Structure formats: structure tokens, C-alpha cells
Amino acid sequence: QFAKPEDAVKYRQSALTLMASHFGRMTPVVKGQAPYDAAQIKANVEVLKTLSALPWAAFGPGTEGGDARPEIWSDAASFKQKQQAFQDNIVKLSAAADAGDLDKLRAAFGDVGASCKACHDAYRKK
């Protein structure tokens, strides 16, 4: 859906920006600094779930740019694995949120955060 590689870069950066917001805005809740409303968190994680599927289709072949490292494309199998795993960690978070289980929420949130960092260490320019 992108006329030029620039448009794919713009898309993925926007998607990752929204993900970051929908993930990070839960940080105070996980830490107990803000109250836990199970229904609020369930709805937010549903949005996160939808958003977390979007960036990967905008790293199509030839869409080098931004702060993407070229290894995303020279090591495609490995990159796919990392996004697939990340999305599996999101499923765990959805399950926690759907169950209304604050302990499972905290644990799953940490695993998601680690998955974010893991990809960035391999595939995002500093």
C-alpha cells in the first residue's frame, strides 16, 4: 500500500509510536502507582493487540530506511521469528488482561517489554 519506501517507513514508525503509547501507558498500573480497573486494561490491551500486528507488513523488501538495520532483510527468517515471538507475548498479555489477573498482567508486561528490547538490540539503529 506504499507508493515509495518512504511511505512504508512513515507507516511503521507511526504504528510503533502508537504501540509504544498503548504499552507504556500501563506502566503506572503494573507498578501500583495508578489503580487497576480490569475492564479499562482489557480494552486497552485489545487496542494493543490490533496495533502490534501492524508494523511488520511495512518492512517489505526494499523498504530500507529510518532506523531499521539492514539485517532485517538479510536475516528475514530471524526477523520473522522475533516479531512472531513478540506477538505471542502479546497473546499472553491479552490472556492476563481478559482474566483480570493483576499478577499475570505484571509478569506478561515484563515479558513483552523484554521482547521489545530484544528486537531493538538486533534490528534497530542506535
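One rule holds for the numbers: they count along the sequence shown, beginning at 1.
The stretch with the higher mean CA B factor, choosing between 90-98 and 68-76, is 68-76. Looking at 8-16 and 109-117 together, the entry lists the larger mean B-factor for 109-117, computed on C-alpha atoms. Remark: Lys49 belongs to the middle third of its chain, ranked by C-alpha B-factor as recorded. Ranked within its chain, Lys42 lands in the lowest third, by CA B factor from the PDB record.
In the deposited entry, the Cα temperature factor of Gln33 places it in the middle third of its chain's modelled residues. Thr27 sits in the lowest third of its chain by CA B factor, as recorded in the PDB entry.
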